[PDB]
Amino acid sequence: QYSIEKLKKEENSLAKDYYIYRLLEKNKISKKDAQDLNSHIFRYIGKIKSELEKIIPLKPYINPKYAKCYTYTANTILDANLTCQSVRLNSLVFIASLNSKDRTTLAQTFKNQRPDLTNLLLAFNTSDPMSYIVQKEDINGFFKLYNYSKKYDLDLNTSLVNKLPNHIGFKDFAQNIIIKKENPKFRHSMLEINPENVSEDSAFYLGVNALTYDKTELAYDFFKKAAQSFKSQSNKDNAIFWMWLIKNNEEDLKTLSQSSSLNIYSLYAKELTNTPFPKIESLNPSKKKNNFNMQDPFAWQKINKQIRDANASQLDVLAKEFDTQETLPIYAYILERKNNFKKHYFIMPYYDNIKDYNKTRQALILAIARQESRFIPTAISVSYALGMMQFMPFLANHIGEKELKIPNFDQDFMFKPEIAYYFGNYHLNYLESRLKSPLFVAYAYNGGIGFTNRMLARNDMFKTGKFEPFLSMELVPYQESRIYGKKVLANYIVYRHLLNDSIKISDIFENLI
């Protein structure tokens, strides 16, 4: 381990952050050491920020221009100047705290210059501020109220619902209420959004919404708009898949089978149309090694930043330097970027550690590692998940110390490929014994077995139905896990194919119901 003095000489990065966090959790950062430390932190969010703030609370920020505005309370705000009154009324909780006579007075003060404030003040003088704001068709007010409280729910007419998509809050609003199955009046109302007024993710979610109300024609129209507007081919393919499932136009299935993106939808379409499996690149560098230390986390952070900021030309230089057996994961990572994500790279590094597992297990391990880390041994996530299999420290220590009793175990052993694959096998055994399906195992790997069990206990998830199991896959309630499962399933299919242990993705889908 490294002293705070030595860390401070490294460039700011997630690896430096991780090692500062390890000092904080072992109580090795003094109040004096902590003085300058926020300037040494690459991403000052979450656990590292809350640990540091136990040592030095952070005061700010109040823009000094408005400091005086924050000396007033709900009881004294009528004594404040007009600028101070309007600043404090940015807060809906502040508005809710006012007495209703003061809301009446302030609404009159601001009716000319700030009718938005007037609307919210008079809204909070009623028993349902949302109904008042909806009657005014005040769109900014609507989103402010929603952000204040998710509990408001009302029917919204055609005119009002068609205005909502123009506001930056709409995409997260629509996603949250559709996935969480909340706010049913809002959800039903969003059936009347004209597809011409939405695009991309929002259009897609509105398609999903329409399916849940069995409005399949409206669903098709939303999904078609999504397919036409999505920036990523993978997302476009997901929308085309729905267009096909709903209306069964054989041109849509044909377009999906010919996609340049390898994903579950394009793989499925290929299978349904007797189209050959996509071409997988074969990387076999002849050079054995270079000078690069694959076990130095700081060196990875530095080379990653260079690779990500490399122009078309500097990528070619790096490709050559890292075209060795020892740096195969870095080589594939460079090629993936250098080829503009058009070629399919499915490497199997450190294969000696898994070659004695059965091939189905190999493929699941490789599928997870590909998505988690792209096989970078010293990978570190924003939540300080570690190594190729991206173990959280807590689980790493549970397995390495309590279960396996590895002598002198430290969570940094997760950066060793032999350890990553061994622990990954261990945990995947636990999960698969309970969940069976590789998709369910992927959800549980990323999101936990508790979330996965609760999802599978519901009457409306992964049961029989017209559009199952695809619909359920769109309604997995955590976005990171929803995405993750689809990517890991595609990888699994590919690696099973590469290992001469092919399975039809249609058999995976049947086993989800």
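Heads up: residue numbers just count along the shown sequence, starting at 1. Heads up, when I say rigid core I mean the largest set of C-alphas that superpose within 1.5 Å between the two forms.
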Segment of greater CA departure in 8 other deposited structures of this protein, 276 to 284 or 309 to 317, core superposed:
309 to 317
Core fit done; bigger CA RMS in 8 other deposited structures of this protein for 56 to 64 or for 27 to 35?
56 to 64
Mean Cα B factor from the PDB record: higher for 39 to 47, or higher for 52 to 60?
52 to 60
Averaging the C-alpha B factors as listed in the entry, name the stretch that ends up higher: 290 to 298 or 121 to 129.
290 to 298
Out of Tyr478, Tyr445, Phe462, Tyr484, whose C-alpha atom has the biggest B factor in the entry?
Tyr478
Given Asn339, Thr273, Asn197, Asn263, the residue at which the Cα B factor reaches its maximum
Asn339
Third assignment of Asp155 from its chain's C-alpha B-factors:
lowest
When the deposited Cα B-factors of this chain's modelled residues are ordered and cut into thirds, is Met473 in the lowest, the middle or the highest one?
lowest
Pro329: CA temperature factor from the record, placed by chain third, in the middle
What third of the chain, by the recorded C-alpha B-factor, contains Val488?
lowest
Hey, what third does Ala80 fall into on Cα B-factor, ranked over its chain?
highest
